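Q: Got final00.cif for you, mmCIF, N, CA and C atoms and all ligand atoms:
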data_target
#
loop_
_atom_site.label_atom_id
_atom_site.label_comp_id
_atom_site.auth_asym_id
_atom_site.auth_seq_id
_atom_site.Cartn_x
_atom_site.Cartn_y
_atom_site.Cartn_z
N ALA A 41 96.15 59.91 101.83
CA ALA A 41 94.88 60.22 101.20
C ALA A 41 95.07 61.17 100.02
N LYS A 42 95.95 62.15 100.21
CA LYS A 42 96.27 63.13 99.19
C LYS A 42 97.78 63.25 99.05
N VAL A 43 98.26 63.45 97.83
CA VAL A 43 99.67 63.76 97.61
C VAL A 43 99.78 65.07 96.86
N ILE A 44 100.56 66.00 97.39
CA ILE A 44 100.72 67.32 96.79
C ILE A 44 102.18 67.72 96.68
N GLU A 45 102.64 68.03 95.47
CA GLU A 45 103.98 68.58 95.30
C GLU A 45 103.94 70.10 95.51
N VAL A 46 104.88 70.63 96.29
CA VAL A 46 104.99 72.08 96.46
C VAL A 46 106.41 72.47 96.09
N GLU A 47 106.52 73.34 95.10
CA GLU A 47 107.83 73.85 94.69
C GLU A 47 108.22 75.02 95.57
N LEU A 48 109.43 75.00 96.13
CA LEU A 48 109.95 76.18 96.80
C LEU A 48 110.95 76.84 95.84
N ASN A 49 110.59 78.01 95.31
CA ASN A 49 111.41 78.69 94.31
C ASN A 49 111.97 79.97 94.90
N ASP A 50 112.91 80.62 94.21
CA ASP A 50 113.37 81.93 94.64
C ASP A 50 112.42 83.01 94.10
N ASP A 51 111.63 83.72 94.92
CA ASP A 51 111.34 83.45 96.32
C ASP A 51 109.82 83.37 96.43
N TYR A 52 109.25 82.25 96.00
CA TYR A 52 107.81 82.05 96.12
C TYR A 52 107.48 80.58 96.22
N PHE A 53 106.27 80.28 96.70
CA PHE A 53 105.77 78.92 96.71
C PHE A 53 104.90 78.67 95.49
N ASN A 54 104.99 77.46 94.95
CA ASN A 54 104.12 77.07 93.85
C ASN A 54 103.63 75.64 94.01
N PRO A 55 102.34 75.47 94.32
CA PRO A 55 101.31 76.51 94.47
C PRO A 55 101.47 77.26 95.78
N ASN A 56 100.93 78.48 95.85
CA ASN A 56 100.96 79.21 97.10
C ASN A 56 99.62 79.24 97.83
N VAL A 57 98.63 78.58 97.25
CA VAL A 57 97.40 78.26 97.97
C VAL A 57 97.17 76.76 97.87
N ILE A 58 97.08 76.11 99.02
CA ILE A 58 97.03 74.66 99.08
C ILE A 58 95.81 74.25 99.89
N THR A 59 94.97 73.39 99.33
CA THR A 59 93.80 72.91 100.07
C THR A 59 94.00 71.45 100.42
N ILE A 60 93.85 71.12 101.70
CA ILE A 60 94.03 69.75 102.16
C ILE A 60 92.84 69.33 103.01
N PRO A 61 92.52 68.03 103.01
CA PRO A 61 91.32 67.55 103.73
C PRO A 61 91.50 67.46 105.25
N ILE A 62 90.45 67.82 105.99
CA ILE A 62 90.48 67.75 107.45
C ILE A 62 90.42 66.29 107.92
N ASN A 63 91.14 65.97 109.00
CA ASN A 63 91.15 64.61 109.58
C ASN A 63 91.58 63.47 108.64
N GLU A 64 92.37 63.80 107.62
CA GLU A 64 92.93 62.81 106.70
C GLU A 64 94.41 63.16 106.50
N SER A 65 95.21 62.18 106.10
CA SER A 65 96.64 62.41 105.92
C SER A 65 96.94 62.94 104.52
N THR A 66 97.75 64.00 104.43
CA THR A 66 98.21 64.51 103.14
C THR A 66 99.72 64.48 103.15
N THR A 67 100.30 63.95 102.09
CA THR A 67 101.74 63.94 101.92
C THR A 67 102.12 65.12 101.04
N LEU A 68 103.01 65.96 101.56
CA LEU A 68 103.56 67.09 100.84
C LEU A 68 104.97 66.76 100.38
N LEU A 69 105.21 66.87 99.08
CA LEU A 69 106.56 66.70 98.53
C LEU A 69 107.16 68.08 98.33
N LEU A 70 108.03 68.50 99.25
CA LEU A 70 108.54 69.87 99.27
C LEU A 70 109.85 69.90 98.48
N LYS A 71 109.82 70.50 97.30
CA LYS A 71 110.96 70.45 96.39
C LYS A 71 111.54 71.85 96.23
N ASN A 72 112.78 72.05 96.67
CA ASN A 72 113.42 73.36 96.54
C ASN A 72 114.11 73.42 95.18
N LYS A 73 113.55 74.19 94.25
CA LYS A 73 114.14 74.28 92.93
C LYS A 73 114.87 75.60 92.78
N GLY A 74 115.06 76.27 93.91
CA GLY A 74 115.77 77.54 93.92
C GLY A 74 117.25 77.40 94.18
N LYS A 75 117.95 78.52 94.15
CA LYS A 75 119.38 78.55 94.45
C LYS A 75 119.65 78.82 95.93
N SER A 76 118.64 79.34 96.63
CA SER A 76 118.74 79.70 98.04
C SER A 76 118.14 78.59 98.90
N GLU A 77 118.55 78.54 100.17
CA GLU A 77 117.85 77.74 101.17
C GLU A 77 116.48 78.35 101.47
N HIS A 78 115.45 77.52 101.65
CA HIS A 78 114.10 78.01 101.94
C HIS A 78 113.48 77.22 103.08
N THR A 79 112.45 77.77 103.70
CA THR A 79 111.64 76.98 104.64
C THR A 79 110.18 76.91 104.24
N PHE A 80 109.51 75.90 104.81
CA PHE A 80 108.09 75.71 104.63
C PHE A 80 107.57 75.71 106.06
N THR A 81 107.00 76.83 106.48
CA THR A 81 106.71 77.04 107.89
C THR A 81 105.24 77.41 108.06
N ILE A 82 104.51 76.56 108.79
CA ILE A 82 103.12 76.82 109.15
C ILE A 82 103.00 76.52 110.63
N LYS A 83 103.29 77.54 111.42
CA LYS A 83 103.38 77.41 112.87
C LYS A 83 102.11 76.85 113.48
N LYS A 84 100.98 77.33 112.98
CA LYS A 84 99.69 76.93 113.52
C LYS A 84 99.28 75.50 113.17
N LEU A 85 99.97 74.89 112.20
CA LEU A 85 99.74 73.49 111.88
C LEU A 85 100.86 72.60 112.41
N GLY A 86 101.80 73.20 113.12
CA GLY A 86 102.89 72.45 113.72
C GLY A 86 103.97 72.04 112.74
N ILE A 87 104.12 72.80 111.66
CA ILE A 87 105.08 72.46 110.63
C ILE A 87 106.16 73.51 110.46
N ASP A 88 107.42 73.09 110.48
CA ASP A 88 108.52 74.03 110.25
C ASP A 88 109.71 73.27 109.70
N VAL A 89 109.89 73.31 108.39
CA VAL A 89 110.86 72.47 107.72
C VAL A 89 111.78 73.31 106.86
N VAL A 90 113.07 73.08 107.00
CA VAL A 90 114.06 73.70 106.12
C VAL A 90 114.46 72.78 104.96
N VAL A 91 114.46 73.32 103.74
CA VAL A 91 114.82 72.54 102.55
C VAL A 91 115.98 73.25 101.84
N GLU A 92 117.14 72.60 101.78
CA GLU A 92 118.29 73.15 101.06
C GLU A 92 118.07 73.24 99.55
N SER A 93 118.83 74.13 98.90
CA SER A 93 118.75 74.31 97.44
C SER A 93 118.94 73.00 96.70
N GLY A 94 118.00 72.68 95.81
CA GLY A 94 118.10 71.49 94.99
C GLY A 94 117.71 70.20 95.70
N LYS A 95 117.27 70.32 96.96
CA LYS A 95 116.94 69.13 97.74
C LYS A 95 115.44 69.00 97.97
N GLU A 96 115.02 67.93 98.62
CA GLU A 96 113.60 67.68 98.85
C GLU A 96 113.36 67.19 100.27
N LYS A 97 112.21 67.55 100.83
CA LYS A 97 111.77 66.98 102.10
C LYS A 97 110.34 66.50 101.93
N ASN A 98 110.04 65.31 102.44
CA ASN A 98 108.70 64.75 102.28
C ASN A 98 108.04 64.62 103.62
N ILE A 99 106.86 65.21 103.80
CA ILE A 99 106.23 65.17 105.12
C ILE A 99 104.78 64.77 104.98
N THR A 100 104.21 64.20 106.05
CA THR A 100 102.80 63.85 106.00
C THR A 100 102.09 64.45 107.17
N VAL A 101 101.06 65.23 106.86
CA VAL A 101 100.34 65.96 107.88
C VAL A 101 98.88 65.51 107.98
N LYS A 102 98.29 65.70 109.16
CA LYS A 102 96.91 65.30 109.41
C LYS A 102 96.25 66.33 110.32
N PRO A 103 95.78 67.43 109.73
CA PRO A 103 95.26 68.57 110.50
C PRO A 103 93.88 68.26 111.05
N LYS A 104 93.58 68.81 112.23
CA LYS A 104 92.34 68.46 112.92
C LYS A 104 91.33 69.60 112.90
N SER A 105 91.79 70.80 112.57
CA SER A 105 90.93 71.98 112.65
C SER A 105 90.79 72.69 111.32
N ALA A 106 89.55 72.90 110.89
CA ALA A 106 89.29 73.64 109.66
C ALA A 106 89.73 75.09 109.81
N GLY A 107 90.19 75.68 108.71
CA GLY A 107 90.61 77.06 108.75
C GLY A 107 91.61 77.39 107.66
N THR A 108 92.02 78.65 107.63
CA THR A 108 93.06 79.09 106.70
C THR A 108 94.30 79.46 107.49
N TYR A 109 95.44 78.91 107.09
CA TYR A 109 96.66 79.01 107.86
C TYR A 109 97.76 79.63 107.02
N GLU A 110 98.41 80.65 107.57
CA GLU A 110 99.51 81.31 106.87
C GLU A 110 100.73 80.42 106.72
N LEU A 111 101.25 80.36 105.50
CA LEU A 111 102.49 79.64 105.20
C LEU A 111 103.55 80.70 104.90
N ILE A 112 104.72 80.58 105.53
CA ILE A 112 105.82 81.50 105.26
C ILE A 112 107.13 80.76 105.02
N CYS A 113 108.07 81.43 104.34
CA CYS A 113 109.47 81.06 104.43
C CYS A 113 110.10 82.05 105.39
N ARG A 114 110.75 81.52 106.40
CA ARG A 114 111.34 82.37 107.44
C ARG A 114 112.42 83.28 106.87
N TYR A 115 113.02 82.88 105.75
CA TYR A 115 114.17 83.62 105.23
C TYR A 115 113.76 84.73 104.28
N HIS A 116 112.68 84.51 103.54
CA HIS A 116 112.27 85.44 102.48
C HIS A 116 110.84 85.93 102.59
N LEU A 117 110.23 85.76 103.76
CA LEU A 117 108.88 86.29 103.99
C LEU A 117 108.77 87.75 103.54
N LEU A 118 109.75 88.57 103.89
CA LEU A 118 109.65 90.00 103.63
C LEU A 118 109.68 90.32 102.13
N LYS A 119 110.16 89.37 101.34
CA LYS A 119 110.18 89.49 99.87
C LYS A 119 108.92 88.92 99.23
N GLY A 120 107.97 88.50 100.06
CA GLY A 120 106.70 88.00 99.57
C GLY A 120 106.62 86.49 99.52
N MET A 121 107.59 85.80 100.12
CA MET A 121 107.55 84.35 100.11
C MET A 121 106.58 83.84 101.16
N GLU A 122 105.32 83.77 100.75
CA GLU A 122 104.22 83.54 101.65
C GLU A 122 103.08 82.89 100.88
N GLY A 123 102.22 82.17 101.59
CA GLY A 123 101.06 81.61 100.93
C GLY A 123 100.10 81.18 102.00
N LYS A 124 99.17 80.30 101.65
CA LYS A 124 98.31 79.76 102.68
C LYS A 124 97.88 78.33 102.43
N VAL A 125 97.54 77.67 103.53
CA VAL A 125 96.99 76.34 103.49
C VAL A 125 95.58 76.39 104.04
N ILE A 126 94.63 75.91 103.25
CA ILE A 126 93.23 75.88 103.68
C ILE A 126 92.94 74.45 104.09
N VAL A 127 92.51 74.25 105.34
CA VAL A 127 92.08 72.94 105.79
C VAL A 127 90.55 72.88 105.72
N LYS A 128 90.02 71.90 105.01
CA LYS A 128 88.58 71.87 104.77
C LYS A 128 87.99 70.47 104.66
CU CU B 1 112.70 81.33 101.11
#
For the structure just supplied, provide its representation as structure tokens.
Ligand SMILES: [Cu+2]
A:
Amino acid sequence: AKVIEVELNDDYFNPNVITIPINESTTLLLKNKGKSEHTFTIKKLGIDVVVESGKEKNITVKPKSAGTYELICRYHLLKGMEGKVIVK
């Protein structure tokens, strides 16, 4: 239903606020354009994906509950590598 590219950079997400539709499928193209390994982790949406430097992971999600969900990189959270996903 929706396709969204998300860049994983050293050390931030772009975009770092992502809005996706409730009860519909969204494909996320997770592209690591950084030199470091990064993750795209949203525990409350059941997502936890590692993306190596220069590589890509493509996932399709279908969230059932409206809300705002914290997105983190497990490796660089403390450096501010964080964002959110709004399901609406
Ligand atoms: Cu990271």
Q: Find the residue from A:114, A:46, A:122, A:108 that sits nearest to residue 62 of chain A; use only C-alpha atoms when measuring.
A: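 Among the listed residues, A:108 lies closest to residue 62 of chain A.
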Q: Quick check for you: according to DSSP on this backbone, which residues of segment 63-126 of chain A are classed as strand (DSSP E or B)? Reply as a VMD selection string.
A: chain A and resid 66 to 72 78 to 82 87 to 91 96 to 101 107 to 112 122 to 126
Q: Take the residues from that selection and put them in a file with N, CA and C atoms, as an mmCIF file, in the coordinates of the input.
A:
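New file part_10.cif:
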data_model
loop_
_atom_site.group_PDB
_atom_site.id
_atom_site.type_symbol
_atom_site.label_atom_id
_atom_site.label_comp_id
_atom_site.auth_asym_id
_atom_site.auth_seq_id
_atom_site.Cartn_x
_atom_site.Cartn_y
_atom_site.Cartn_z
ATOM 1 N N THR A 66 97.750 64.000 104.430
ATOM 2 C CA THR A 66 98.210 64.510 103.140
ATOM 3 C C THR A 66 99.720 64.480 103.150
ATOM 4 N N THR A 67 100.300 63.950 102.090
ATOM 5 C CA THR A 67 101.740 63.940 101.920
ATOM 6 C C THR A 67 102.120 65.120 101.040
ATOM 7 N N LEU A 68 103.010 65.960 101.560
ATOM 8 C CA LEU A 68 103.560 67.090 100.840
ATOM 9 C C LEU A 68 104.970 66.760 100.380
ATOM 10 N N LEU A 69 105.210 66.870 99.080
ATOM 11 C CA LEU A 69 106.560 66.700 98.530
ATOM 12 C C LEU A 69 107.160 68.080 98.330
ATOM 13 N N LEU A 70 108.030 68.500 99.250
ATOM 14 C CA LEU A 70 108.540 69.870 99.270
ATOM 15 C C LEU A 70 109.850 69.900 98.480
ATOM 16 N N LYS A 71 109.820 70.500 97.300
ATOM 17 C CA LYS A 71 110.960 70.450 96.390
ATOM 18 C C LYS A 71 111.540 71.850 96.230
ATOM 19 N N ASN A 72 112.780 72.050 96.670
ATOM 20 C CA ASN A 72 113.420 73.360 96.540
ATOM 21 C C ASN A 72 114.110 73.420 95.180
ATOM 22 N N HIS A 78 115.450 77.520 101.650
ATOM 23 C CA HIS A 78 114.100 78.010 101.940
ATOM 24 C C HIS A 78 113.480 77.220 103.080
ATOM 25 N N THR A 79 112.450 77.770 103.700
ATOM 26 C CA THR A 79 111.640 76.980 104.640
ATOM 27 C C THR A 79 110.180 76.910 104.240
ATOM 28 N N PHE A 80 109.510 75.900 104.810
ATOM 29 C CA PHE A 80 108.090 75.710 104.630
ATOM 30 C C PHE A 80 107.570 75.710 106.060
ATOM 31 N N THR A 81 107.000 76.830 106.480
ATOM 32 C CA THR A 81 106.710 77.040 107.890
ATOM 33 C C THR A 81 105.240 77.410 108.060
ATOM 34 N N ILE A 82 104.510 76.560 108.790
ATOM 35 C CA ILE A 82 103.120 76.820 109.150
ATOM 36 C C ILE A 82 103.000 76.520 110.630
ATOM 37 N N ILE A 87 104.120 72.800 111.660
ATOM 38 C CA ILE A 87 105.080 72.460 110.630
ATOM 39 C C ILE A 87 106.160 73.510 110.460
ATOM 40 N N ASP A 88 107.420 73.090 110.480
ATOM 41 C CA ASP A 88 108.520 74.030 110.250
ATOM 42 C C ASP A 88 109.710 73.270 109.700
ATOM 43 N N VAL A 89 109.890 73.310 108.390
ATOM 44 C CA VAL A 89 110.860 72.470 107.720
ATOM 45 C C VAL A 89 111.780 73.310 106.860
ATOM 46 N N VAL A 90 113.070 73.080 107.000
ATOM 47 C CA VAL A 90 114.060 73.700 106.120
ATOM 48 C C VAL A 90 114.460 72.780 104.960
ATOM 49 N N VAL A 91 114.460 73.320 103.740
ATOM 50 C CA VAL A 91 114.820 72.540 102.550
ATOM 51 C C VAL A 91 115.980 73.250 101.840
ATOM 52 N N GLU A 96 115.020 67.930 98.620
ATOM 53 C CA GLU A 96 113.600 67.680 98.850
ATOM 54 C C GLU A 96 113.360 67.190 100.270
ATOM 55 N N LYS A 97 112.210 67.550 100.830
ATOM 56 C CA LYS A 97 111.770 66.980 102.100
ATOM 57 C C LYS A 97 110.340 66.500 101.930
ATOM 58 N N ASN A 98 110.040 65.310 102.440
ATOM 59 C CA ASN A 98 108.700 64.750 102.280
ATOM 60 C C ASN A 98 108.040 64.620 103.620
ATOM 61 N N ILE A 99 106.860 65.210 103.800
ATOM 62 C CA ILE A 99 106.230 65.170 105.120
ATOM 63 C C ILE A 99 104.780 64.770 104.980
ATOM 64 N N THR A 100 104.210 64.200 106.050
ATOM 65 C CA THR A 100 102.800 63.850 106.000
ATOM 66 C C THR A 100 102.090 64.450 107.170
ATOM 67 N N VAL A 101 101.060 65.230 106.860
ATOM 68 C CA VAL A 101 100.340 65.960 107.880
ATOM 69 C C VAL A 101 98.880 65.510 107.980
ATOM 70 N N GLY A 107 90.190 75.680 108.710
ATOM 71 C CA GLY A 107 90.610 77.060 108.750
ATOM 72 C C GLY A 107 91.610 77.390 107.660
ATOM 73 N N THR A 108 92.020 78.650 107.630
ATOM 74 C CA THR A 108 93.060 79.090 106.700
ATOM 75 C C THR A 108 94.300 79.460 107.490
ATOM 76 N N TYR A 109 95.440 78.910 107.090
ATOM 77 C CA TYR A 109 96.660 79.010 107.860
ATOM 78 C C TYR A 109 97.760 79.630 107.020
ATOM 79 N N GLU A 110 98.410 80.650 107.570
ATOM 80 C CA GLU A 110 99.510 81.310 106.870
ATOM 81 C C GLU A 110 100.730 80.420 106.720
ATOM 82 N N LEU A 111 101.250 80.360 105.500
ATOM 83 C CA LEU A 111 102.490 79.640 105.200
ATOM 84 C C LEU A 111 103.550 80.700 104.900
ATOM 85 N N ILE A 112 104.720 80.580 105.530
ATOM 86 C CA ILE A 112 105.820 81.500 105.260
ATOM 87 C C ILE A 112 107.130 80.760 105.020
ATOM 88 N N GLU A 122 105.320 83.770 100.750
ATOM 89 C CA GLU A 122 104.220 83.540 101.650
ATOM 90 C C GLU A 122 103.080 82.890 100.880
ATOM 91 N N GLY A 123 102.220 82.170 101.590
ATOM 92 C CA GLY A 123 101.060 81.610 100.930
ATOM 93 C C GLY A 123 100.100 81.180 102.000
ATOM 94 N N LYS A 124 99.170 80.300 101.650
ATOM 95 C CA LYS A 124 98.310 79.760 102.680
ATOM 96 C C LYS A 124 97.880 78.330 102.430
ATOM 97 N N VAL A 125 97.540 77.670 103.530
ATOM 98 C CA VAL A 125 96.990 76.340 103.490
ATOM 99 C C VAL A 125 95.580 76.390 104.040
ATOM 100 N N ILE A 126 94.630 75.910 103.250
ATOM 101 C CA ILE A 126 93.230 75.880 103.680
ATOM 102 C C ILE A 126 92.940 74.450 104.090
#
Q: Grab the atom CA of residue 77 of chain A to atom CA of residue 61 of chain A distance for me, in Å with one decimal place.
A: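 Result for atom CA of residue 77 of chain A versus atom CA of residue 61 of chain A: 28.5 Å, one decimal.
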Q: Could you give me the residues within 5 Å of ligand CU 1 (chain B), counting all atoms listed in the file, as an MDAnalysis selection string?
A: chainID A and resid 77:79 113 115:116
Q: When DSSP is applied to the backbone of this structure, which of chain A are assigned helix (DSSP H, G or I)? Write them out as a PyMOL selection string.
A: chain A and resi 83-85+117-119
Q: Env of segment 85-98 of chain A: 8 Å cut, atoms = all atoms listed in the file, seq-sep filter 5 positions within chain, self excluded. Answer as a PyMOL selection string.
A: chain A and resi 67-80+103-104+109-110
Q: Go through A:58, A:101, A:82, A:111 and flag the residue nearest residue 127 of chain A, using all atoms listed in the file for the distances.
A: A:58
Q: Would you mind reading off the distance between atom N of residue 43 of chain A and atom N of residue 118 of chain A, one decimal, in Å?
A: 28.3 Å
Q: Select, from A:119, A:47, A:126, A:112, the residue with the minimum atom-to-atom distance to residue 83 of chain A, counting only N, CA and C atoms.
A: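 Closest residue, counting only N, CA and C atoms: A:112.
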Q: Record the distance separating atom CA of residue 124 of chain A and atom CA of residue 42 of chain A, expressed in Å with one decimal.
A: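 Interatomic distance here is 17.1 Å.
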Q: Measuring atom to atom with only C-alpha atoms, identify which of A:81, A:44, A:49, A:102 is nearest to residue 65 of chain A.
A: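 Nearest to residue 65 of chain A: A:102.
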